[PDB]
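Structure first, then comments.
Basis for what follows: all heavy atoms, side chains included, without hydrogens, waters or symmetry-related copies. Order of the sequence lines fixes the chain letters, A, B, ..., with proteins taken first and strands second; residue numbering starts at 1 for each chain. Indexing begins at 1, ligand by ligand and atom by atom, following the structure's order.
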Amino acid sequence: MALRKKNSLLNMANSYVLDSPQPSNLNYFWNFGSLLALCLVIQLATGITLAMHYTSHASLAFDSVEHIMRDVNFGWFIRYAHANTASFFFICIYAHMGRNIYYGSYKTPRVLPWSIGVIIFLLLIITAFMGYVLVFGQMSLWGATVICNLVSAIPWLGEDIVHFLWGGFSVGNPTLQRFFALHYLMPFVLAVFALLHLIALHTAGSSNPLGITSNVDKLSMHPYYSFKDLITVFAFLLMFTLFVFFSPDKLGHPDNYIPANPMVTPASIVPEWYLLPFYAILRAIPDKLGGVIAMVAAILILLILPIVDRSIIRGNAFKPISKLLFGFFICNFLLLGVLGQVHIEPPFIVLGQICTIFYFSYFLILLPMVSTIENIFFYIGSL
Amino acid sequence: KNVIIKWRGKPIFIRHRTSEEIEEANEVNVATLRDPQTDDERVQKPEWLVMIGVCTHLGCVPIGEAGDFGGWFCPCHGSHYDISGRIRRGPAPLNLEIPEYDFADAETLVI
Amino acid sequence: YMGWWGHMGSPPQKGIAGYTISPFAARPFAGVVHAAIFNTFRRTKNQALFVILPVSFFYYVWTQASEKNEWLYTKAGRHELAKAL
Amino acid sequence: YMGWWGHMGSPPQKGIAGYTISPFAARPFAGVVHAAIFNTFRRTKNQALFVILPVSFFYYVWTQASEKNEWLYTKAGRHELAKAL
Amino acid sequence: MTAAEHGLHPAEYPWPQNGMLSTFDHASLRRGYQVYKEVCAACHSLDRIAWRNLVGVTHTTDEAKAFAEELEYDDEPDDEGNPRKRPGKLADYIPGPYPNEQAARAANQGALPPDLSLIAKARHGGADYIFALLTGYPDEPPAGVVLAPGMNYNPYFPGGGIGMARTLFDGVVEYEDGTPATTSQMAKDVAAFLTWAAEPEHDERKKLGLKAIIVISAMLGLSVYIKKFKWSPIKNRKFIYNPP
Amino acid sequence: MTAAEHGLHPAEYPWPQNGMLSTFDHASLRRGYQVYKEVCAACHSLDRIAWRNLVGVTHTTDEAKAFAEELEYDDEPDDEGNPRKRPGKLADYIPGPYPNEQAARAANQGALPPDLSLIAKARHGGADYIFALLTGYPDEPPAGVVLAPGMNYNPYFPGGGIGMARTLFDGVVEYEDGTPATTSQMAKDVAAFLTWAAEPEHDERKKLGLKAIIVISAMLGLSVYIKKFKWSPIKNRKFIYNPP
Amino acid sequence: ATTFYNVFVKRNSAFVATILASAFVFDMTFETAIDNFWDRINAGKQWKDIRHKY
Amino acid sequence: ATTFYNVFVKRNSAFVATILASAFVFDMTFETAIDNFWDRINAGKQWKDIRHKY
Ligand code: HEC
Ligand code: HEC
Ligand code: HEM
Ligand code: HEM
Ligand SMILES: CCCCCCCCCCCCO[C@@H]1O[C@H](CO)[C@@H](O[C@H]2O[C@H](CO)[C@@H](O)[C@H](O)[C@H]2O)[C@H](O)[C@H]1O
Ligand code: FES
């Protein structure tokens with residue numbers, strides 16, 4: 001017996017990255033998993049490096065970030081790499097989630113990797129939000145103020161909880177130091193959950209774009225998917241290069257280059273682009289508590305896809321109506337994103353409400369109806 | 001007279017308003033006010049206007065007694081606040097915020 | 001639901017002969033120009049509606065909304081804005 | 001070298017009958033006083049030399065060294081210290 | 001919002017540094033420093049720039065040391081613990097015009113002139129906004145605009161009323177290189193200079209990006225050949241089925 | 001090393017706070033504060049203690065506010081940006097006698113009197129060392145000791161020559177509680193006070209430790225019963241072997 | 001004894017509820033008991049004992 | 001061709017050695033080449049181009 005199989009430690013690597021049996025027909029959308037692993041590694045490397053130069057005290061934080069940009073050798077690169085990779089992390093995560101929804105990766109027997117995945121997505125949001133605060137520019141402060149005052153909507157104890165999270169009566173030094181500690185920690189938790197969702201997936205293996213079993217025709221993960229992963233790694237690094245070296249501030253907001261000033265409020269407090277759809281959902285509900293619940297429900301509702309998809313067939317490759325519905329769902333999710341950054345003015349107020357209804361009605365009405373009808377069409381249509 | 005107490009970095013305007021000042025503030029119809037509020041909503045004690053003296057526009061501190069509604073005038077972009085510290089004229093959207101203040105004694109307030 | 005090499009969990013296979021040639025014996029880019037043109041055209045044509053319909057609809061919605069919003073905050077749109085608030 | 005329940009990797013067992021009683025049927029502290037005194041004495045007596053010999057030796061070494069060091073840095077030890085450096 | 005409330009959006013001007021392969025014009029950077037020093041520095045600080053930062057960008061080591069040595073900075077206390085001043089060194093930061101915010105606001109009718117070290121990154125528009133703002137004070141405010149006292153009309157500034165008056169007029173600076181100091185020339189130079197101040201790595205960053213683009217492109221091309229090569233046995237597989 | 005180079009080791013005195021269950025004597029803490037204020041504070045700072053720290057330990061809220069309000073502290077600048085002073089508040093730290101190290105050393109023939117906020121934790125010996133040092137200046141240095149200029153002989157101080165002269169003499173303080181202010185009494189009180197300053201959680205810490213000791217002891221006893229109970233089927237197992 | 005067993009112990013839901021309620025009571029009473037004991041062994045020493053002079 | 005294969009490619013130790021030596025040479029030459037190109041496309045703009053005036 002070969003050492004890679006005999007030795008317990010080597011065998012675990014072997015089972016995941018080398019002899020792992022994969023379907024032979026995964027397409028390029030199965031490459032986002034490894035890109036997300038690459039983003040996670042870049043964020044750990046750049047993150048730990050910035051932590052060696054950053055000072056978490058509110059009197060010095062913003063200046064420490066300027067020191068990184070101006071004095072540390074390649075500090076500009078490390079800072080922009082870290083900031084831009086956070087955007088790429090969300091592009092890849094939305095793609096990976098989109099792949100999973102389109103191809104029915106959430107169906108049995110893969111409900112558990114999917115459900116852990118939904119938690120990974122929540123941790124990523126929290127991680128990225130805390131990191132944004134650490135700069136302690138105007139968007140940092142006003143972000144922490146607004147978002148932590150949503151917690152005030154929790155009945156009875158909400159106000160108390162806010163003051164407890166801030167460590168005082170406003171966002172200030174205690175808040176900044178605790179966000180630093182948590183921002184450092186959260187990526188490690190996120191890595192553990194990423195590993196859990198893979199271990200959960202190992203029982204069934206990867207789904208594939210046809211939605212049929214692959215037990216009939218498997219390929220080793222290495223070398224075939226190793227070499228296919230390199231193509232998207234280099235494509236990713238090309239995109240990374242264009243942002244980091246040529247347009248490092250394109251995805252960001254100028255207001256964060258102004259030091260936090262509790263008096264002056266910025267013109268518009270909008271979150272980072274990747275949070276914008278959830279922000280639009282929150283604005284849609286007029287009630288404070290209602291809005292918060294809706295915004296959380298917009299993420300947690302993904303947990304019910306295994307129930308509401310009633311199809312006897314896995315995924316959308318062969319389902320024309322489901323494909324149309326999915327197209328509309330995805331475009332609506334982008335429109336929500338755009339409405340997250342417009343002003344609260346006519347006619348965008350009502351439009352945002354309609355888009356919010358459409359978002360939820362996909363999970364609660366349309367997907368159950370459409371999947372039921374397609375079942376009947378496949379049966380009658382093939383008689 | 002109007003005092004300026006720093007409290008959590010923000011200035012606090014404390015004005016000891018006269019009888020006729022109170023009267024002047026109680027006049028303006030709530031209807032015609034960017035931020036509609038009456039003095040009774042603002043003060044817990046009519047002789048103690050206590051406000052957070054940051055202008056609601058960008059965040060300069062209004063010069064008191066100046067204005068056009070004889071309360072506070074932000075010199076930065078020329079916004080005029082009232083004797084209630086309500087916004088009347090200029091770029092500022094809101095009335096000057098009221099802190100949580102309590103009269104522990106009748107001669108001392110805690111903010 | 002998945003095993004491992006040797007016991008993957010396939011139904012018994014019999015009667016299929018599979019054939020292939022070495023990477024060093026094959027032209028890796030054989031028929032690449034034909035595929036790049038004709039195959040991509042076929043595959044794109046077949047999926048075009050599923051992209052075009054939702055994108056065009058949501059772009060139209062946005063365009064109408066953004067143009068109205070712009071117009072409401074002009075002088076001409078004063079009255080319509082007053083009603084809308 | 002270790003399996004799991006059912007196939008642990010024992011040589012075949014045959015001929016041993018094992019018996020035990022429920023925790024609720026037993027006195028958990030039965031004969032505790034006898035054990036605490038006589039059993040601990042037996043077990044300690046049997047291991048005493050393996051602790052006493054090395055500890056006593058290294059304590060003696062340390063004691064001699066620390067006393068010499070102390071004496072060298074007195075007035076009386078001036079000459080011996082001068083030679084030692 | 002009204003367009004007024006947003007501010008007019010600045011034109012896209014063709015800066016020398018626009019362009020994936022383009023550096024700053026360092027002669028413009030030098031001229032821009034001279035505008036900063038003679039006009040802006042009256043009210044605006046540049047606190048994030050040290051004298052050493054000018055060296056080998058706009059000035060030689062000698063010129064920068066000369067600038068530093070003309071100023072007095074706080075030294076460590078003497079032996080009786082009394083305060084002392086020293087002449088400036090290259091490691092010193094360029095000192096601001098005011099001791100604190102309160103003094104700054106008192107001198108500027110309540111307004112606080114921002115520090116300019118990051119202003120090119122801290123406004124939408126960047127150099128284009130700075131250029132548009134400094135050159136965009138109309139002789140007369142559009143009829144019907146009511147300016148608050150001590151405000152100046154400038155359409156690029158959100159809301160229209162800015163506390164900073166027009167400051168660049170033809171020949172307020174006499175450039176040491178003989179360039180005609182027109183309002184537009186000075187605004188272009190100072191906007192270039194401030195952009196450099198905000199992002200001083202700009203030139204190096206774009207050269208390393210060119211190297212990265214080339215290598216990563218080559219690796220992408222090769223990775224595609226290697227993928228196709230290793231995958232060809234799978235793509236070329238054929239079956240013959242004889243039902244049992 | 002010679003004993004001289006180490007310093008004489010201080011006696012173990014029976015402090016009120018020695019003892020697992022013992023708090024500080026707060027009346028001694030109060031008297032010790034008065035010694036600090038009237039003797040040590042001339043040369044030594046206590047920078048880590050704020051006026052609020054005395055409240056409910058040695059002083060009432062009123063007494064501490066009175067102490068704070070007698071002093072002037074730096075305020076934020078006025079509206080013209082000119083510097084200003086304010087009266088002290090409870091949140092203020094007790095202010096030191098010197099503006100910087102240089103001024104401190106100049107006043108003390110080169111020696112720098114350390115800050116006393118942590119001195120009880122920062123020396124081997126703690127309160128015993130402080131007590132021994134303050135009371136251990138002999139009238140005459142042991143015959144043959146050559147003191148450097150500006151040094152005083154004290155055997156508890158490593159090396160023997162300390163830059164701090166004897167300062168406690170009978171009746172340098174007049175205690176407000178009528179206690180006779182003997183050298184020994186003042187040293188005991190000030191040593192208690194400084195120990196409190198270094199470890200102000202001491203009283204609370206020891207009470208929580210008592211609760212923890214009791215609960216953890218009970219849990220230890222119960223854990224042993226439960227272990228013995230669950231293990232008894234294994235310990236009591238018997239075998240009968242019949243060779244096949 | 002059987003009664004006690006049947007009510008508080010037999011169902012784990014009841015047993016856990018009894019343990020938690022006991023923990024609540026213990027916590028509250030133990031706090032009070034230690035407080036008083038600590039005050040007696042450190043009598044005349046604490047601020048509460050000298051506060052009255054001021 | 002066979003010769004080239006046998007010397008530089010057949011043994012992986014030799015292949016890896018050849019790759020690393022090539023990487024060293026590429027790294028050094030590419031640095032120099034980009035430097036010169038960058039200087040030509042940005043001619044008269046860089047400090048090195050104006051330094052001589054001072
Ligand atoms: C004597 C005063 C004064 C001079 C000279 C001056 N400024 Fe200013 N500047 C101000 C004040 C005051 C503000 C704040 C205006 C406000 O917030 O209303 C300001 C604001 C600015 C802003 C930011 C406007 C914004 O978007 O917030 C920039 C950029 C600026 N100045 C650049 C310059 C440059 C470049 C020069 C000269 C080359 C210059 N200033 C000369 C006083 C001055
Ligand atoms: C007028 C000066 C002066 C007065 C009064 C004074 N000290 Fe000091 N003290 C010093 C100087 C100077 C040193 C540093 C001596 C040295 O390091 O040689 C010092 C050192 C100390 C040390 C540290 C010795 C060491 O191990 O480093 C303690 C503890 C101390 N003082 C406590 C007190 C206490 C308690 C009082 C009065 C109740 C007091 N001092 C009064 C000047 C003074
Ligand atoms: C999933 C992993 C991570 C994500 C998504 C993430 C995201 C972010 C984001 C969005 C910012 C704000 C960037 C900016 O605009 O400047 C940031 C800042 C920061 N992050 Fe992370 N981060 C991650 C991991 C880490 C880790 C592991 C560390 C280790 C300490 C770290 C340290 C920092 C530091 C010090 C900053 C502040 C300095 C700065 O703003 O550049 N990050 N992070
Ligand atoms: C750090 C973030 C994540 C990483 C690194 C990660 C990584 C991966 C990898 C490597 C795979 C196997 C390869 C692939 O199919 O692409 C995978 C599969 C999967 N992931 Fe993720 N993932 C992450 C986040 C998520 C999230 C947010 C979800 C769901 C909301 C999710 C759900 C899944 C599912 C369901 C699969 C199985 C899909 C299938 O092969 O059919 N993951 N993930
Ligand atoms: C992804 C990064 C690379 C590091 C590896 C990831 C760490 C996760 C590994 C810890 C989980 C243990 O992983 C578990 O171990 C065993 C052997 O290793 C695998 O077992 C599998 O492979 C072995 C031989 O390769 C076969 O005996 C077995 O029939 C098969 O199921 C499990 O399918 C896997 O779930
Ligand atoms: S800042 Fe108060 S008027 Fe604009």
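Inclusion of A/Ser8 in the set of residues having an N or O under 3.5 Å from an N or O of ligand 5 is not warranted. For ligand 4, one of its N or O atoms has an N or O atom of A/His197 under 3.5 Å away. Considering backbone and side-chain atoms together, E/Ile130 places no N or O closer than 3.5 Å to any N or O of ligand 1. For ligand 1, none of its N or O atoms has an N or O atom of E/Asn108 under 3.5 Å away.
Note on ligand 5: A/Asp19 sits outside its first shell, no heavy atom being nearer than 4.0 Å. Contact analysis leaves E/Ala42 out of contact with ligand 1, as no non-hydrogen atom separation drops below 4.0 angstrom. E/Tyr129 counts as a contact of ligand 1, since one of its heavy atoms falls under 4.0 Å from the ligand. Residue contacts with ligand 5 include A/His202, since one or more of its heavy atoms lies under 4.0 Å from the ligand.
Close approach to A/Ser207 involves these atoms of ligand 4, each under 4.0 Å from a residue heavy atom: 39 (C), 40 (O), 41 (O). For ligand 4, the atoms closer than 4.0 angstrom to any heavy atom of A/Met97 are 30 (C). Of all the atoms in ligand 4, the ones that sit under 4.0 Å from a non-hydrogen atom of A/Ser105 are 38 (C), 39 (C), 41 (O). For ligand 4, the atoms closer than 4.0 angstrom to any heavy atom of A/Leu190 are 1 (C). Which parts of ligand 4 touch A/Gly33 is read off a 4.0 Å heavy-atom cut-off, strictly below it: atoms 5 (C), 7 (C), 8 (C), 9 (C), 10 (C), 16 (O). Below 4.0 Å from some heavy atom of A/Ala37 lie the following atoms of ligand 4, by number and element: 5 (C). The atoms of ligand 4 that sit less than 4.0 Å from any heavy atom of A/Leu201 are 18 (C), 37 (C).
Within the 4.0 angstrom cut-off, atom 33 (O) of ligand 5 has one or more protein heavy-atom neighbours. Inside a 4.0 Å radius of atom 25 (O) of ligand 5 there is at least one protein heavy atom.
Nearest protein neighbour of atom 3 (C) of ligand 5, counting heavy atoms only, is A/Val17 CG1, 3.7 Å. Nearest protein heavy-atom neighbour of atom 22 (O) of ligand 5: A/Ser15 OG, 3.3 Å. Closest to atom 25 (C) of ligand 4 among all protein heavy atoms lies A/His96 CD2, 3.5 Å. The protein heavy-atom contact nearest to atom 31 (O) of ligand 5 is C/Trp4 CE3, 4.2 Å. The closest protein non-hydrogen atom to atom 9 (N) of ligand 1 is E/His44 NE2, 2.9 Å. Of all protein heavy atoms, the one closest to atom 15 (C) of ligand 1 is E/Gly163 N, 3.6 Å. Nearest non-hydrogen protein atom to atom 29 (C) of ligand 1 is E/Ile119 CG1, 3.8 Å. Counting only heavy atoms of the protein, atom 27 (O) of ligand 1 lies nearest to E/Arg123 NH2, 2.8 Å. Nearest non-hydrogen protein atom to atom 32 (C) of ligand 4 is A/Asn100 ND2, 3.2 Å. The shortest contact between atom 38 (C) of ligand 4 and any protein heavy atom is with A/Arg99 NH2, 3.4 Å. Shortest contact from atom 5 (C) of ligand 4 to any protein heavy atom: A/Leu36 CB, 3.5 Å. Counting protein heavy atoms only, atom 7 (C) of ligand 5 is closest to A/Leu195 CD1, 3.9 Å. When only non-hydrogen protein atoms are considered, atom 4 (C) of ligand 5 lies nearest to A/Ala13 CA, 4.1 Å. Atom 16 (O) of ligand 4 has its closest protein heavy atom at A/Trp30 O, 3.1 Å. For atom 23 (C) of ligand 1, the nearest protein heavy atom (residue, atom name, distance) is E/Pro114 CG, 4.0 Å. Among protein heavy atoms, the minimum distance from atom 13 (O) of ligand 5 is reached at A/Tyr16 CE1, 3.3 Å. Given atom 2 (C) of ligand 4, the protein heavy atom at minimum distance is A/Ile120 CG2, 3.6 Å. In this structure, the protein non-hydrogen atom closest to atom 28 (C) of ligand 4 is A/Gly117 CA, 3.4 Å. Here the protein heavy atom with the shortest distance to atom 3 (C) of ligand 1 is E/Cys43 SG, 2.8 Å. The protein atom (non-hydrogen) at minimum distance from atom 38 (C) of ligand 1 is E/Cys40 SG, 2.3 Å. Counting protein heavy atoms only, atom 5 (C) of ligand 1 is closest to E/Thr167 CG2, 3.4 Å. For atom 17 (C) of ligand 5, the closest non-hydrogen atom of the protein is A/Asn11 ND2, 3.0 Å.
If you look at E/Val39 next to ligand 1, the close heavy atoms, those under 4.0 Å, come from the backbone and the side chain alike. With a heavy-atom cut-off of 4.0 Å, E/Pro158 does not touch ligand 1 at all. Both the backbone and the side chain of E/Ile162 come within 4.0 Å of ligand 1, counting heavy atoms alone. At a heavy-atom cutoff of 4.0 Å, ligand 5 is contacted by both the backbone and the side chain of A/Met12. Contact annotation for B/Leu58 and ligand 1: no heavy atom of the residue comes within less than 4.0 Å of the ligand. At a 4.0 Å heavy-atom cut-off, ligand 4 touches A/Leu198 through the side chain alone.
Between E/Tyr36 and E/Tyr33, the ring-plane angle classifies as tilted under the 30° and 60° cut-offs. Ring orientation note: the planes of A/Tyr274 and A/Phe90 are close to parallel, at an angle under 30° on the 30°/60° scale.
In terms of modelled atom types and a separation under 3.5 Å, the side chain of A/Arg314 and the main chain of A/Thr108 share a donor-acceptor contact. Judged by distance alone, with hydrogens and angles left aside, the side-chain atoms of B/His57 form no donor-acceptor pair with the main-chain N or O of B/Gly90 at under 3.5 Å.
Atom 8 (Fe) of ligand 1 has an N, O or S atom of E/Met164 inside 2.8 Å of it.
Around CZ of A/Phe29, the count of heavy atoms belonging to other residues, nucleotides or ligands within 6.0 Å does not exceed 12. At most 12 heavy atoms of other shown residues, nucleotides or ligands fall within 6.0 angstrom of atom CG in F/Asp79.
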